[PDB]
């Protein structure tokens, strides 16, 4: 049992040499997380990709030997914490909302949001700002909030609850937060009921009312939760981590600023090199699974380490090089298999717009701090910064 809490901020900041040295010793390893839970890491690209798609590794908490808390059990009837056939049905509900076509329709508004956020940011008197406060955070919360129908006065609460259960001081504190947000969401579902809003939460509340067999009240709260947590948190971190990647590689920043057709590939390499999902969501083996002689017990918690997958040199040569022109095909930053990210085109749309606007409107854009002054969150599932100080000319 490697104690990841004991490794401290050095591991949070640069966990890669740790995964890589585990990977050399075998595909799977028992570790304790900073919070105190024993889990399994699965490392190495080929094994990570296999495990992600393998039906022996379930997402349904009934297959876990760790009981849900009260507040969590209110929230688990969502597609990411389901297996077929419930998974199949939940995913089909919101299928269509996230295609490249429906997301294309959002390009104008996404642009307008960024255009505005970037205005405000430039109005800074000394040409200095924290990219997280100025753009990384507000852009995704705003986009997802409009989609779902979270009214403007309530959106502030989401950062706090989200930070609370994504990065708490104690598990006891995430509980309260989740209860509180879940409390909020029920009340927001109830407020939509038969009120004829055109947002997705109203469309879903409709579905549940019409045919509570296609969608239960509980699945309604779960779906609302899930769409909110990805639509801001991971996307915020893609934006901030990928900009950090660009800023700390002055050479690749110049290369993209010189040629914007390089943009889609740059965003892919930011997903590869500094993706916000360090480790995929909990997997639970239905039966014991032997991984090249290392047997994981049924019901244990298994974290597939996407970050280590992406530094696997036989898959991504010279893995420690951030190279915007690199072949990134087949990366796992949006997962793999039947739980593959539904929001991937939206995440991509937002990041691409945000990066282009920063490069085009912030002259001599640069990191305003040294890498050693950055603070990364210890949660082994999320790769993310506390602040990103930037400056421009």
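Positions refer to the first chain, counted from 1.
Higher mean CA temperature factor between 262 to 270 and 214 to 222: 214 to 222, per the PDB entry. According to the PDB record, 191 to 199 carries the higher mean C-alpha B-factor of the two stretches 316 to 324 and 191 to 199.
Out of 241, 175, 301, 142, the entry records its largest CA B-factor for 175. Per the PDB entry, 95 shows the highest C-alpha temperature factor of the residues 286, 114, 95, 306. Sorting the modelled residues of the chain by their CA temperature factor places residue 390 in the lowest third. Among all modelled residues in its chain, residue 353 ranks in the lowest third by Cα B-factor. In the deposited entry, the Cα temperature factor of residue 276 sits in the bottom third of values across the chain's modelled residues. Per the deposited record, the Cα B-factor of residue 81 falls in the lowest third when ranked against the other modelled residues of its chain. Per the deposited record, the Cα B-factor of residue 338 falls in the lowest third when ranked against the other modelled residues of its chain.
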